[PDB]
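J.: Input file: structure.cif. Contents: mmCIF, N, CA and C atoms and all ligand atoms.
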data_upload
#
loop_
_atom_site.label_atom_id
_atom_site.label_comp_id
_atom_site.auth_asym_id
_atom_site.auth_seq_id
_atom_site.Cartn_x
_atom_site.Cartn_y
_atom_site.Cartn_z
N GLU A 3 62.63 10.68 -31.39
CA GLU A 3 62.81 11.49 -32.62
C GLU A 3 62.21 12.90 -32.52
N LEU A 4 62.50 13.71 -33.53
CA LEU A 4 61.98 15.07 -33.65
C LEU A 4 60.47 15.18 -33.40
N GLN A 5 60.06 16.22 -32.67
CA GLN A 5 58.66 16.64 -32.54
C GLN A 5 58.50 18.06 -33.07
N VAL A 6 57.30 18.36 -33.57
CA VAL A 6 56.94 19.69 -34.03
C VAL A 6 56.00 20.30 -33.01
N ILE A 7 56.36 21.48 -32.50
CA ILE A 7 55.58 22.17 -31.48
C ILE A 7 54.93 23.40 -32.09
N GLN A 8 53.60 23.43 -32.08
CA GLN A 8 52.81 24.62 -32.39
C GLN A 8 52.07 24.96 -31.10
N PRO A 9 52.64 25.86 -30.30
CA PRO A 9 52.09 26.09 -28.96
C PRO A 9 50.66 26.63 -28.91
N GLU A 10 50.19 27.27 -29.98
CA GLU A 10 48.82 27.77 -30.02
C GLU A 10 47.93 26.85 -30.84
N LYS A 11 46.79 26.46 -30.27
CA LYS A 11 45.76 25.74 -31.02
C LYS A 11 44.98 26.67 -31.92
N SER A 12 44.86 27.92 -31.50
CA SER A 12 44.10 28.90 -32.23
C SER A 12 44.65 30.28 -31.91
N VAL A 13 44.50 31.19 -32.87
CA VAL A 13 44.86 32.59 -32.70
C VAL A 13 43.70 33.38 -33.27
N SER A 14 43.19 34.33 -32.49
CA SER A 14 42.18 35.26 -32.94
C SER A 14 42.86 36.55 -33.35
N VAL A 15 42.57 37.00 -34.56
CA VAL A 15 43.23 38.16 -35.14
C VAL A 15 42.17 39.08 -35.71
N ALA A 16 42.26 40.38 -35.39
CA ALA A 16 41.38 41.35 -36.02
C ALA A 16 41.83 41.57 -37.46
N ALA A 17 40.87 41.67 -38.36
CA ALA A 17 41.16 41.95 -39.75
C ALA A 17 41.98 43.23 -39.87
N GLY A 18 43.06 43.18 -40.65
CA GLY A 18 43.96 44.31 -40.83
C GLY A 18 45.20 44.24 -39.97
N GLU A 19 45.18 43.37 -38.96
CA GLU A 19 46.34 43.11 -38.13
C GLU A 19 47.18 42.00 -38.74
N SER A 20 48.38 41.82 -38.20
CA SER A 20 49.20 40.68 -38.57
C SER A 20 48.93 39.51 -37.63
N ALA A 21 49.18 38.31 -38.12
CA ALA A 21 49.03 37.10 -37.34
C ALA A 21 50.39 36.47 -37.15
N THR A 22 50.69 36.07 -35.92
CA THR A 22 51.91 35.33 -35.62
C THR A 22 51.55 33.87 -35.40
N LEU A 23 52.19 33.01 -36.17
CA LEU A 23 51.99 31.56 -36.11
C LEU A 23 53.30 30.96 -35.63
N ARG A 24 53.26 30.38 -34.43
CA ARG A 24 54.47 29.90 -33.77
C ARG A 24 54.74 28.42 -34.04
N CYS A 25 56.01 28.09 -34.23
CA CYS A 25 56.42 26.73 -34.42
C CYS A 25 57.86 26.55 -34.00
N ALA A 26 58.14 25.42 -33.38
CA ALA A 26 59.50 25.01 -33.06
C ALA A 26 59.69 23.54 -33.43
N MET A 27 60.92 23.16 -33.77
CA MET A 27 61.31 21.77 -33.89
C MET A 27 62.12 21.43 -32.64
N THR A 28 62.05 20.18 -32.22
CA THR A 28 62.86 19.76 -31.07
C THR A 28 64.24 19.22 -31.45
N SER A 29 64.51 19.08 -32.74
CA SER A 29 65.75 18.49 -33.23
C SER A 29 66.03 19.03 -34.62
N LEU A 30 67.30 18.95 -34.99
CA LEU A 30 67.77 19.28 -36.33
C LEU A 30 67.82 18.06 -37.27
N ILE A 31 67.57 16.87 -36.72
CA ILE A 31 67.64 15.61 -37.46
C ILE A 31 66.24 15.01 -37.54
N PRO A 32 65.83 14.46 -38.70
CA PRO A 32 66.57 14.41 -39.96
C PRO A 32 66.67 15.77 -40.60
N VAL A 33 67.73 15.99 -41.36
CA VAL A 33 67.86 17.24 -42.08
C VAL A 33 66.78 17.33 -43.17
N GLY A 34 66.19 18.50 -43.29
CA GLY A 34 65.20 18.76 -44.33
C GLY A 34 64.41 20.00 -43.98
N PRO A 35 63.68 20.53 -44.96
CA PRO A 35 63.02 21.80 -44.78
C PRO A 35 61.79 21.76 -43.90
N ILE A 36 61.52 22.92 -43.30
CA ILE A 36 60.29 23.14 -42.55
C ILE A 36 59.45 24.10 -43.38
N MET A 37 58.18 23.78 -43.56
CA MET A 37 57.27 24.62 -44.36
C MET A 37 55.99 24.84 -43.61
N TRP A 38 55.30 25.92 -43.96
CA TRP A 38 53.97 26.18 -43.45
C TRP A 38 52.96 25.97 -44.56
N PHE A 39 51.86 25.31 -44.22
CA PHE A 39 50.73 25.11 -45.12
C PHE A 39 49.43 25.59 -44.49
N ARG A 40 48.50 26.02 -45.34
CA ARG A 40 47.11 26.17 -44.95
C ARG A 40 46.37 24.93 -45.43
N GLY A 41 45.79 24.18 -44.51
CA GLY A 41 45.15 22.91 -44.80
C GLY A 41 46.11 21.75 -44.66
N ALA A 42 45.52 20.56 -44.62
CA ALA A 42 46.27 19.31 -44.49
C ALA A 42 45.92 18.30 -45.55
N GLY A 43 45.07 18.65 -46.49
CA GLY A 43 44.85 17.73 -47.59
C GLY A 43 45.96 17.74 -48.63
N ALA A 44 45.79 16.92 -49.65
CA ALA A 44 46.68 16.92 -50.80
C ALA A 44 46.66 18.29 -51.50
N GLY A 45 45.52 18.96 -51.38
CA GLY A 45 45.31 20.24 -51.97
C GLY A 45 45.69 21.39 -51.08
N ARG A 46 46.46 21.14 -50.01
CA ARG A 46 46.87 22.20 -49.11
C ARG A 46 47.71 23.25 -49.83
N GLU A 47 47.69 24.45 -49.27
CA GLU A 47 48.33 25.61 -49.86
C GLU A 47 49.65 25.89 -49.14
N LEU A 48 50.74 25.98 -49.89
CA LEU A 48 52.03 26.36 -49.33
C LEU A 48 52.00 27.84 -48.95
N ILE A 49 52.24 28.11 -47.68
CA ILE A 49 52.23 29.46 -47.13
C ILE A 49 53.65 30.01 -46.97
N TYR A 50 54.61 29.17 -46.64
CA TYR A 50 55.98 29.60 -46.49
C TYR A 50 56.95 28.44 -46.62
N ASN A 51 58.04 28.73 -47.34
CA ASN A 51 59.19 27.87 -47.48
C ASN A 51 60.40 28.83 -47.55
N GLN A 52 61.44 28.55 -46.77
CA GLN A 52 62.57 29.48 -46.61
C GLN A 52 63.44 29.66 -47.85
N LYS A 53 63.84 28.56 -48.47
CA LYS A 53 64.87 28.62 -49.52
C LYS A 53 64.31 28.88 -50.90
N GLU A 54 63.05 28.51 -51.13
CA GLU A 54 62.46 28.63 -52.45
C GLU A 54 61.02 29.10 -52.40
N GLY A 55 60.68 30.02 -53.30
CA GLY A 55 59.34 30.54 -53.42
C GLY A 55 59.30 31.99 -53.00
N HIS A 56 58.28 32.67 -53.47
CA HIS A 56 58.06 34.07 -53.17
C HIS A 56 56.82 34.17 -52.29
N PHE A 57 57.00 34.69 -51.07
CA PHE A 57 55.95 34.77 -50.05
C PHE A 57 55.94 36.18 -49.46
N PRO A 58 55.46 37.17 -50.24
CA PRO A 58 55.61 38.56 -49.84
C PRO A 58 54.90 38.94 -48.54
N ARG A 59 53.87 38.18 -48.15
CA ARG A 59 53.10 38.50 -46.96
C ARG A 59 53.70 37.91 -45.70
N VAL A 60 54.76 37.12 -45.85
CA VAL A 60 55.27 36.34 -44.72
C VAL A 60 56.65 36.82 -44.30
N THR A 61 56.84 36.97 -42.99
CA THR A 61 58.13 37.27 -42.40
C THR A 61 58.44 36.23 -41.35
N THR A 62 59.67 35.75 -41.31
CA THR A 62 60.10 34.87 -40.23
C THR A 62 60.37 35.69 -38.97
N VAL A 63 60.02 35.12 -37.82
CA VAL A 63 60.20 35.77 -36.52
C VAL A 63 61.64 35.58 -36.05
N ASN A 71 69.16 26.82 -35.67
CA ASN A 71 67.87 27.45 -35.39
C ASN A 71 66.75 26.43 -35.27
N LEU A 72 65.97 26.54 -34.19
CA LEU A 72 64.84 25.67 -33.96
C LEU A 72 63.49 26.40 -33.96
N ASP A 73 63.50 27.70 -34.24
CA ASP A 73 62.28 28.51 -34.32
C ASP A 73 61.88 28.74 -35.77
N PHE A 74 60.67 28.31 -36.12
CA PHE A 74 60.14 28.44 -37.47
C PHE A 74 58.88 29.27 -37.51
N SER A 75 58.72 30.13 -36.51
CA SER A 75 57.55 30.98 -36.42
C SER A 75 57.53 32.01 -37.54
N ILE A 76 56.33 32.36 -37.97
CA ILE A 76 56.12 33.34 -39.02
C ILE A 76 55.08 34.37 -38.62
N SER A 77 55.11 35.49 -39.34
CA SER A 77 54.10 36.53 -39.24
C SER A 77 53.53 36.77 -40.63
N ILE A 78 52.20 36.80 -40.73
CA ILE A 78 51.50 37.08 -41.97
C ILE A 78 50.87 38.46 -41.85
N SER A 79 51.20 39.35 -42.78
CA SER A 79 50.73 40.72 -42.72
C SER A 79 49.30 40.89 -43.20
N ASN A 80 48.63 41.91 -42.65
CA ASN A 80 47.35 42.40 -43.16
C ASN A 80 46.33 41.28 -43.39
N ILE A 81 45.93 40.64 -42.30
CA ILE A 81 45.01 39.53 -42.35
C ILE A 81 43.62 39.97 -42.79
N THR A 82 43.01 39.18 -43.67
CA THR A 82 41.64 39.39 -44.08
C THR A 82 40.84 38.14 -43.72
N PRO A 83 39.50 38.23 -43.74
CA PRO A 83 38.69 37.02 -43.52
C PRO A 83 39.11 35.84 -44.40
N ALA A 84 39.58 36.11 -45.62
CA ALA A 84 40.01 35.07 -46.53
C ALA A 84 41.21 34.25 -46.02
N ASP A 85 41.92 34.77 -45.01
CA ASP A 85 43.07 34.08 -44.44
C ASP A 85 42.71 33.07 -43.35
N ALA A 86 41.45 33.06 -42.92
CA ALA A 86 40.99 32.12 -41.91
C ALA A 86 41.27 30.70 -42.38
N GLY A 87 41.70 29.85 -41.47
CA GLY A 87 41.95 28.46 -41.81
C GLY A 87 42.86 27.87 -40.77
N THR A 88 43.27 26.64 -41.00
CA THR A 88 44.16 25.97 -40.09
C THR A 88 45.52 25.84 -40.74
N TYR A 89 46.54 26.28 -40.01
CA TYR A 89 47.89 26.40 -40.50
C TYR A 89 48.78 25.38 -39.80
N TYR A 90 49.55 24.64 -40.59
CA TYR A 90 50.37 23.55 -40.12
C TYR A 90 51.83 23.83 -40.45
N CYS A 91 52.67 23.62 -39.45
CA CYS A 91 54.10 23.69 -39.58
C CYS A 91 54.58 22.26 -39.77
N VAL A 92 55.23 21.98 -40.90
CA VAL A 92 55.50 20.62 -41.34
C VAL A 92 56.99 20.45 -41.62
N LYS A 93 57.58 19.44 -40.98
CA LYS A 93 58.95 19.04 -41.18
C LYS A 93 59.03 17.99 -42.28
N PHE A 94 59.93 18.23 -43.23
CA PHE A 94 60.26 17.28 -44.29
C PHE A 94 61.64 16.71 -44.04
N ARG A 95 61.85 15.48 -44.48
CA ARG A 95 63.19 14.93 -44.57
C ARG A 95 63.66 15.05 -46.00
N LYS A 96 64.95 15.26 -46.17
CA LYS A 96 65.54 15.25 -47.49
C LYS A 96 65.29 13.89 -48.14
N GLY A 97 64.93 13.92 -49.41
CA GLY A 97 64.73 12.70 -50.17
C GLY A 97 65.17 12.90 -51.60
N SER A 98 65.17 11.83 -52.37
CA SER A 98 65.40 11.91 -53.82
C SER A 98 64.35 11.07 -54.53
N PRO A 99 63.69 11.65 -55.54
CA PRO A 99 63.90 13.02 -56.04
C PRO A 99 63.30 14.12 -55.17
N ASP A 100 62.34 13.77 -54.31
CA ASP A 100 61.56 14.75 -53.57
C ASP A 100 61.77 14.60 -52.08
N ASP A 101 61.66 15.71 -51.38
CA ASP A 101 61.61 15.64 -49.94
C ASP A 101 60.27 15.05 -49.53
N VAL A 102 60.25 14.41 -48.38
CA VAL A 102 59.12 13.63 -47.93
C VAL A 102 58.70 14.15 -46.57
N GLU A 103 57.40 14.29 -46.36
CA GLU A 103 56.92 14.74 -45.07
C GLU A 103 57.33 13.77 -43.98
N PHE A 104 57.87 14.33 -42.90
CA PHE A 104 58.33 13.55 -41.78
C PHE A 104 57.40 13.66 -40.58
N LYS A 105 57.04 14.89 -40.21
CA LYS A 105 56.14 15.13 -39.09
C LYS A 105 55.44 16.46 -39.27
N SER A 106 54.19 16.52 -38.84
CA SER A 106 53.43 17.74 -38.86
C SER A 106 53.15 18.19 -37.45
N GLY A 107 53.12 19.50 -37.25
CA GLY A 107 52.56 20.07 -36.06
C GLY A 107 51.06 19.84 -36.02
N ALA A 108 50.48 20.16 -34.88
CA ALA A 108 49.07 19.90 -34.63
C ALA A 108 48.12 20.83 -35.36
N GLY A 109 48.63 21.96 -35.84
CA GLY A 109 47.80 22.96 -36.49
C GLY A 109 47.42 24.09 -35.55
N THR A 110 47.37 25.29 -36.11
CA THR A 110 46.95 26.48 -35.42
C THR A 110 45.86 27.10 -36.26
N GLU A 111 44.68 27.23 -35.69
CA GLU A 111 43.57 27.83 -36.38
C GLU A 111 43.68 29.35 -36.28
N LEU A 112 43.61 30.00 -37.43
CA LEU A 112 43.55 31.43 -37.50
C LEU A 112 42.09 31.81 -37.70
N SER A 113 41.50 32.48 -36.71
CA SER A 113 40.15 33.03 -36.82
C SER A 113 40.25 34.53 -36.94
N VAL A 114 39.38 35.11 -37.73
CA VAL A 114 39.46 36.53 -37.99
C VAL A 114 38.24 37.25 -37.42
N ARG A 115 38.52 38.26 -36.59
CA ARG A 115 37.50 39.18 -36.06
C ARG A 115 37.33 40.24 -37.13
N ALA A 116 36.20 40.20 -37.84
CA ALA A 116 35.95 41.15 -38.93
C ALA A 116 35.61 42.53 -38.37
CL CL B 1 69.66 13.35 -41.57
#
For the file at hand, write its structure as C-alpha cells.
T.:
Amino acid sequence: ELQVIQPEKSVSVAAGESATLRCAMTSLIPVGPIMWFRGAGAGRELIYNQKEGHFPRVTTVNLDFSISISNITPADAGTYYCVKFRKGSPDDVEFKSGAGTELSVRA
C-alpha cells in the first residue's frame, strides 16, 4: 500500500528565510487529501490543505506534496507531518503519516 515519504528528518532555517518541507506519496490510492500539520496530537495545527482553507504563508512546490512556508520566525519551530487521508463519510480518515520533519530556526 501507499507510503508517505518525507526525505528530510530536519531542516535548519535562518529566521526570515523560507522553509521547504518535502513530501511525496508513493500511490494515488486510496483517494483522499494530503495535508500538512504542525504536531501529531489531537491538538495538531493544520498548516496546509489544497482544496479548502486559507493558508497565505504556504506555497506548493501528482505525487509531490512539498510546500514552502514564507518568512520563518522562531515561533514556526516544530515538527511538521505530511498526512494522507482516505475519503470517508461523513469525514475523511487519516490513512498514513509521514515520519515528520523538524523545522529548527537559526535566530
Ligand atoms: Cl480509493
J.: From the options A:7, A:81, A:102, A:108, which residue's atoms come nearest to residue 35 (chain A), counting only C-alpha atoms?
T.: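 Ranked by minimum distance to residue 35 (chain A), first place goes to A:102.
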J.: Kindly give the distance, in Å, that separates CA of residue 8 (chain A) and CA of residue 23 (chain A), rounded to a single decimal.
T.: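 That distance, rounded to one decimal, is 7.9 Å.
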J.: Please, which residues have at least one atom within 8 Å of an atom of ligand CL 1 (chain B), using all atoms listed in the file, listed as a count of residues only?
T.: 7
J.: Between CA of residue 55 (chain A) and CA of residue 113 (chain A), measure the distance and give it in Å to one decimal.
T.: 25.5 Å
J.: Provide the CA of residue 25 (chain A) to CA of residue 75 (chain A) distance in Å, to one decimal place.
T.: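 Going from CA of residue 25 (chain A) over to CA of residue 75 (chain A) covers 4.8 Å.
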J.: If we count only C-alpha atoms, what is near residue 86 (chain A) at a cut-off of 12 Å, once residues fewer than 5 positions away on the same chain are taken out, given as an mmCIF file with N, CA and C atoms, keeping the file's coordinate frame?
T.:
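Final output, saved to out_13.cif:
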data_model
loop_
_atom_site.group_PDB
_atom_site.id
_atom_site.type_symbol
_atom_site.label_atom_id
_atom_site.label_comp_id
_atom_site.auth_asym_id
_atom_site.auth_seq_id
_atom_site.Cartn_x
_atom_site.Cartn_y
_atom_site.Cartn_z
ATOM 1 N N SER A 12 44.860 27.920 -31.500
ATOM 2 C CA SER A 12 44.100 28.900 -32.230
ATOM 3 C C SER A 12 44.650 30.280 -31.910
ATOM 4 N N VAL A 13 44.500 31.190 -32.870
ATOM 5 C CA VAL A 13 44.860 32.590 -32.700
ATOM 6 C C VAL A 13 43.700 33.380 -33.270
ATOM 7 N N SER A 14 43.190 34.330 -32.490
ATOM 8 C CA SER A 14 42.180 35.260 -32.940
ATOM 9 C C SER A 14 42.860 36.550 -33.350
ATOM 10 N N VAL A 15 42.570 37.000 -34.560
ATOM 11 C CA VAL A 15 43.230 38.160 -35.140
ATOM 12 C C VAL A 15 42.170 39.080 -35.710
ATOM 13 N N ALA A 16 42.260 40.380 -35.390
ATOM 14 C CA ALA A 16 41.380 41.350 -36.020
ATOM 15 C C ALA A 16 41.830 41.570 -37.460
ATOM 16 N N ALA A 17 40.870 41.670 -38.360
ATOM 17 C CA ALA A 17 41.160 41.950 -39.750
ATOM 18 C C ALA A 17 41.980 43.230 -39.870
ATOM 19 N N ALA A 21 49.180 38.310 -38.120
ATOM 20 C CA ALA A 21 49.030 37.100 -37.340
ATOM 21 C C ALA A 21 50.390 36.470 -37.150
ATOM 22 N N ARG A 40 48.500 26.020 -45.340
ATOM 23 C CA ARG A 40 47.110 26.170 -44.950
ATOM 24 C C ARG A 40 46.370 24.930 -45.430
ATOM 25 N N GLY A 41 45.790 24.180 -44.510
ATOM 26 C CA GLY A 41 45.150 22.910 -44.800
ATOM 27 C C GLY A 41 46.110 21.750 -44.660
ATOM 28 N N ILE A 78 52.200 36.800 -40.730
ATOM 29 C CA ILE A 78 51.500 37.080 -41.970
ATOM 30 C C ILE A 78 50.870 38.460 -41.850
ATOM 31 N N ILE A 81 45.930 40.640 -42.300
ATOM 32 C CA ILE A 81 45.010 39.530 -42.350
ATOM 33 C C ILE A 81 43.620 39.970 -42.790
ATOM 34 N N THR A 110 47.370 25.290 -36.110
ATOM 35 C CA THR A 110 46.950 26.480 -35.420
ATOM 36 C C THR A 110 45.860 27.100 -36.260
ATOM 37 N N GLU A 111 44.680 27.230 -35.690
ATOM 38 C CA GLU A 111 43.570 27.830 -36.380
ATOM 39 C C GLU A 111 43.680 29.350 -36.280
ATOM 40 N N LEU A 112 43.610 30.000 -37.430
ATOM 41 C CA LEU A 112 43.550 31.430 -37.500
ATOM 42 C C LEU A 112 42.090 31.810 -37.700
ATOM 43 N N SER A 113 41.500 32.480 -36.710
ATOM 44 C CA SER A 113 40.150 33.030 -36.820
ATOM 45 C C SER A 113 40.250 34.530 -36.940
ATOM 46 N N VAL A 114 39.380 35.110 -37.730
ATOM 47 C CA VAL A 114 39.460 36.530 -37.990
ATOM 48 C C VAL A 114 38.240 37.250 -37.420
ATOM 49 N N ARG A 115 38.520 38.260 -36.590
ATOM 50 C CA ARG A 115 37.500 39.180 -36.060
ATOM 51 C C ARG A 115 37.330 40.240 -37.130
ATOM 52 N N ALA A 116 36.200 40.200 -37.840
ATOM 53 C CA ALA A 116 35.950 41.150 -38.930
ATOM 54 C C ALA A 116 35.610 42.530 -38.370
#
J.: Considering only C-alpha atoms, state which residue in the set A:93, A:11, A:24, A:46 is at the smallest distance from residue 73 (chain A).
T.: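 Counting only C-alpha atoms, the residue closest to residue 73 (chain A) is A:24.
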J.: Excluding residue 49 (chain A) and its own-chain neighbours fewer than 3 positions away, which residues fall within 9 Å of it when counting only C-alpha atoms? Please give them as JSON, numbers by chain.
T.: {"A": [37, 38, 39, 40, 57, 60, 89]}
J.: Considering all atoms listed in the file, can you say which of A:92, A:76, A:9, A:27 comes closest to residue 105 (chain A)?
T.: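 When distances to residue 105 (chain A) are compared using all atoms listed in the file, the smallest one comes from A:92.
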J.: For a quick check of understanding, using all atoms listed in the file, which of A:71, A:88, A:79, A:98 has the smallest distance to residue 18 (chain A)?
T.: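 Once distances to residue 18 (chain A) are computed over all atoms listed in the file, the minimum belongs to A:79.
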J.: Which one is closest to residue 36 (chain A): A:72, A:22, A:103, A:51? Count only N, CA and C atoms.
T.: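 Nearest to residue 36 (chain A): A:51.
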J.: Could you give me, as a PyMOL selection string, each residue of chain A that DSSP assigns to strand (DSSP E or B) when run on this structure's backbone?
T.: chain A and resi 6-7+12-16+21-23+26-27+36-40+47-51+60-62+73+76-78+87-95+102-106+110-115
J.: From the set A:52, A:42, A:3, A:58, which residue has the shortest atom-to-atom contact distance to residue 90 (chain A), counting all atoms listed in the file?
T.: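 Of all the options, A:42 lies closest to residue 90 (chain A).
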J.: Take region 23-37 of chain A, model N, CA, C and O atoms, and hand the result over as a short mmCIF file (atom, residue, chain, number, x, y, z; two decimals), keeping the file's coordinate frame.
T.:
data_model
loop_
_atom_site.label_atom_id
_atom_site.label_comp_id
_atom_site.auth_asym_id
_atom_site.auth_seq_id
_atom_site.Cartn_x
_atom_site.Cartn_y
_atom_site.Cartn_z
N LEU A 23 52.19 33.01 -36.17
CA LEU A 23 51.99 31.56 -36.11
C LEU A 23 53.30 30.96 -35.63
O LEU A 23 54.32 31.02 -36.32
N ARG A 24 53.26 30.38 -34.43
CA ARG A 24 54.47 29.90 -33.77
C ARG A 24 54.74 28.42 -34.04
O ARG A 24 53.82 27.61 -34.04
N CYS A 25 56.01 28.09 -34.23
CA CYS A 25 56.42 26.73 -34.42
C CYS A 25 57.86 26.55 -34.00
O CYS A 25 58.69 27.42 -34.28
N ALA A 26 58.14 25.42 -33.38
CA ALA A 26 59.50 25.01 -33.06
C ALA A 26 59.69 23.54 -33.43
O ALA A 26 58.73 22.77 -33.39
N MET A 27 60.92 23.16 -33.77
CA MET A 27 61.31 21.77 -33.89
C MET A 27 62.12 21.43 -32.64
O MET A 27 62.83 22.28 -32.12
N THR A 28 62.05 20.18 -32.22
CA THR A 28 62.86 19.76 -31.07
C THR A 28 64.24 19.22 -31.45
O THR A 28 65.05 18.94 -30.57
N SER A 29 64.51 19.08 -32.74
CA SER A 29 65.75 18.49 -33.23
C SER A 29 66.03 19.03 -34.62
O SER A 29 65.11 19.45 -35.33
N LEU A 30 67.30 18.95 -34.99
CA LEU A 30 67.77 19.28 -36.33
C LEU A 30 67.82 18.06 -37.27
O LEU A 30 68.07 18.22 -38.46
N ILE A 31 67.57 16.87 -36.72
CA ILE A 31 67.64 15.61 -37.46
C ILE A 31 66.24 15.01 -37.54
O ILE A 31 65.53 15.02 -36.55
N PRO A 32 65.83 14.46 -38.70
CA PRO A 32 66.57 14.41 -39.96
C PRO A 32 66.67 15.77 -40.60
O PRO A 32 65.81 16.61 -40.40
N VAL A 33 67.73 15.99 -41.36
CA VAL A 33 67.86 17.24 -42.08
C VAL A 33 66.78 17.33 -43.17
O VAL A 33 66.49 16.36 -43.87
N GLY A 34 66.19 18.50 -43.29
CA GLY A 34 65.20 18.76 -44.33
C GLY A 34 64.41 20.00 -43.98
O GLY A 34 64.47 20.49 -42.85
N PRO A 35 63.68 20.53 -44.96
CA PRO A 35 63.02 21.80 -44.78
C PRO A 35 61.79 21.76 -43.90
O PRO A 35 61.12 20.73 -43.76
N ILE A 36 61.52 22.92 -43.30
CA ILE A 36 60.29 23.14 -42.55
C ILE A 36 59.45 24.10 -43.38
O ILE A 36 59.94 25.12 -43.85
N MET A 37 58.18 23.78 -43.56
CA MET A 37 57.27 24.62 -44.36
C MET A 37 55.99 24.84 -43.61
O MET A 37 55.62 24.05 -42.75
#
